[PDB]
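First, one chain by itself: the form deposited in one PDB entry, in structure tokens.
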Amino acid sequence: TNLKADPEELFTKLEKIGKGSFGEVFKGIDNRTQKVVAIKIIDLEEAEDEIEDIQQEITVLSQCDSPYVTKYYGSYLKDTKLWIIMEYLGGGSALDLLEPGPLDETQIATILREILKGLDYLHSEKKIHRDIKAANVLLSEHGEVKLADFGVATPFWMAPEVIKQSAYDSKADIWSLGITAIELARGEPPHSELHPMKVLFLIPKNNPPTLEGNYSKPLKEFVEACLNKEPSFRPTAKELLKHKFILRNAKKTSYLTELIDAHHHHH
């Protein structure tokens, strides 16, 4: 992190665009390029126990160089405040884009395909995302789909072995992807009506969720593949990129601008 430069001279801070982990997130302008950025400001006086978690996510982001992972531009310390500068993605999150109404299976398949490309990248780099969910999938204004908000190394997207504090690996991300597929299809993850502490024992106790409703059998099978209780029975991200649901239904990401437009016109 840069300790000399004054982030308030380098960036113009604009409106809040999100409640982030450990701090609020603002739309900002890079004053030298006039590009829009996302700025997370964390008060390190008021968030002291979590500082190592913040450092860990910065480290992981700084090691990533993929079209499918939100870019990290650096961080600055001013008085007690840490400014973290990231790529601004103007389409908003996939969770945002569920608000006007249901996605169609081409949109679901396209978003899942792009998430899978990001997971393929991370897993090939021996990284685990750890918090795959629609709120952490961001779209550019062109429809590009990228991962953000890595989990630290709410239970609804957690694999059973993560909850049982077993040794887990990248297959935990594949379970979370299955939950995210249900969320993209239905609007909410399984058990969304229940208190989190009940969900904490239901996920290990119960059979895995299934996708309920009038969805194509390939989509239900995609979900069932990801949501195996046994991690070794879950496919890899590489394998899932060849799943018939993806191959039959995914299309150009640029088509997702229609989804972004529907969210803009809805508001």
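Start at 1 with the first residue shown and count on from there. Throughout, rigid core stands for the largest set of C-alpha atoms superposing within 1.5 Å between the two forms.
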Thinking of the other compared PDB entries, is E50 one of those residues unmodelled in at least a third of them?
-> no
Could you tell me how many residues of the deposited sequence sit unmodelled between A153 and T154 (none, 1 to 3, 4 to 9, 10 or more)?
-> 10 or more
May I ask you to compare 167-175 and 182-190 by their mean CA B factor in the entry and name the higher one?
-> 167-175
Take the C-alpha B-factors listed in the entry for 76-84 and for 132-140, compute each mean, and give the stretch with the larger one.
-> 76-84
Scanning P208, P218, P231, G28 for peak Cα temperature factor in the entry gives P231
Quick one: which of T33, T70, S62, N214 has the biggest Cα B-factor according to the entry?
-> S62
Once the chain's modelled residues are ordered by C-alpha B factor and cut into thirds, is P196 in the lowest, middle or highest one?
-> highest
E125 by Cα B-factor - lowest, middle or highest third of the modelled chain = highest
Grab the CA temperature factor for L241 from the record and place it in the lowest, middle or highest third of its chain.
-> middle
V37 - Cα temperature factor, lowest/middle/highest third of chain = lowest
Mind checking which third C226 falls in for C-alpha B-factor across the chain?
-> lowest
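Quick note: we don't show the form deposited in another entry, though the next part is all about it.
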After superposing the two forms on their rigid core, pick out the one entry in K205, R32, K242, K217 with a CA shift of 2 Å or more between the shown form and the other one.
-> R32
Core-aligned, is the CA shift for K252 between the shown form and the other one 2 angstroms or more?
-> no
